[PDB]
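J.: In terms of the entry's author numbering, the sequence shown opens at residue 3 and continues consecutively. Built from N, CA and C at the ideal position, the CB exists for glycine as well. Got a structure for you, questions after.
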Amino acid sequence: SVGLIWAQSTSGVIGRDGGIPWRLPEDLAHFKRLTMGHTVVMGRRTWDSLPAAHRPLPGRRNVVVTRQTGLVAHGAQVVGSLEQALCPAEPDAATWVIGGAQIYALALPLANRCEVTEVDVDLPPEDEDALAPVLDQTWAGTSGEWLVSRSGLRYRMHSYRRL
Ligand SMILES: NC(=O)c1ccc[n+]([C@@H]2O[C@H](COP(=O)([O-])OP(=O)(O)OC[C@H]3O[C@@H](n4cnc5c(N)ncnc54)[C@H](OP(=O)(O)O)[C@@H]3O)[C@@H](O)[C@H]2O)c1
Ligand SMILES: CCc1nc(N)nc(N)c1OCCCOc1cccc(CCC(=O)O)c1
Ligand SMILES: [Cl-]
């Protein structure tokens, strides 16, 4: 079972300028709760985007997908394709693909679950933005209530499963 987890603005933006263009502590807490103890698979750009105290993400098996031969990622396992990341020598009951846009597009056909945070922040897309995948009719989901963060942003969590 492979799941995707991401946070997006309502407009679909997930990344800008090498980072995430809002601050939402409640989403980071949700991400920690869903992923702790499990495998997290990410593209190399997302690995390079992690803040220092989160590189590697503590308490998870970190896997980094790159085409670079010989890349060392201290605290993570380096693999050469998403398929390799999903064929571990040591199986894990739960594997989460945690971004970014390039890796989500490769992972979506292989996944059966998506956990999405929607953030009500106005971000007209800009040309180098990383965008969320769009879930088609093969997916169905459920939505939590709109909540207000302690920092003031409206947000809500959606849970999708493959039909
Ligand atoms: N809001 C969220 O939930 C969320 C989550 C994660 C990331 N983000 C944001 O998203 C952005 C990063 O996303 P991104 O789309 O630019 O990059 P990405 O998907 O994280 O990483 C892209 C890299 O993955 C490797 N890769 C891609 N396709 C591959 C393939 N077929 N085989 C092997 N390796 C492959 C390449 O690494 P090499 O160049 O090393 O070969 C490529 O440069 C950042 O802004 C980050 O902050 C947001
Ligand atoms: C929490 C974002 C997130 N949220 C969900 N729901 N799914 C994800 N895959 C997801 O990204 C996980 C990879 C990035 O991890 C961190 C971890 C800690 C602090 C930051 C700040 C980024 C900034 O402020 O630029 C980023
Ligand atoms: Cl974390």
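Would you mind sorting residue 39 into buried or exposed? The rule is 16 or more other CB atoms within 10 Å of its CB.
T.: Taking the sequence shown and counting its residues from 1, the one referred to as residue 39 is at position 37. By the 10 Å Cβ count, residue 39 comes out exposed.
J.: List the whole-angstrom C-beta distance separating residue 8 from residue 118, where the pair is believed to meet the contact cut-off of C-beta under 8 Å.
T.: As a position in the sequence shown, residue 8 is number 6, starting the count at 1. As a position in the sequence shown, residue 118 is number 116, starting the count at 1. Indeed, because the Cβ distance is near 6 Å, the residues count as touching under 8 Å.
J.: Run the proximity test for residue 98: is its beta-carbon closer than 8 Å to any non-hydrogen atom belonging to ligand 1?
T.: By 1-based counting over the sequence shown, the position of residue 98 is 96. Not under cutoff, so the answer is no.
J.: DSSP state of residue 151, grouped into three classes?
T.: Stepping through the sequence shown from its first residue, residue 151 is reached at position 149. Three-state DSSP puts residue 151 in coil, outside helix and strand.
J.: To which residues does DSSP link residue 64 through a beta bridge?
T.: Counting from one through the sequence shown, the residue named residue 64 turns up at place 62. According to DSSP, which records beta bridges pairwise, residue 64 is partnered with 42.
J.: Would you mind stating whether residue 135 and residue 30 have Cβ atoms separated by less than 9 Å?
T.: Walking along the sequence shown from the start, residue 135 turns up at place 133. Walking along the sequence shown from the start, residue 30 turns up at place 28. No.
J.: Closest by CA to residue 108, which one among 13, 50, 15, 88?
T.: As a position in the sequence shown, residue 108 is number 106, starting the count at 1. Of the candidates 13, 50, 15, 88, the one whose C-alpha sits nearest the C-alpha of residue 108 is 88.
J.: Assuming residue 113 contacts residue 4 (C-beta within less than 8 Å), just tell me the rounded distance between them.
T.: Here the question's residue 113 lines up with position 111 in the sequence shown. Here the question's residue 4 lines up with position 2 in the sequence shown. Yes, they are in contact, since the Cβ atoms of residue 113 and residue 4 sit about 5 Å apart, within 8 Å.
J.: Is DSSP giving residue 29 helix, strand or coil here?
T.: Numbered from 1 along the sequence shown, position 27 holds the residue referred to as residue 29. The answer is helix: DSSP assigns residue 29 an H, G or I state.
J.: When you compare the segment 78-98 with the segment 42-59, are there three or more beta-carbon pairs, one atom per stretch, that lie closer than 8 Å?
T.: Result yes; three or more Cβ-Cβ pairs closer than 8 Å.
J.: In the DSSP output, which residue or residues are listed as bridge partners for residue 160?
T.: What you label residue 160 is simply residue 158 of the sequence shown in a count that begins at 1. 118, 145, per the DSSP bridge assignment.
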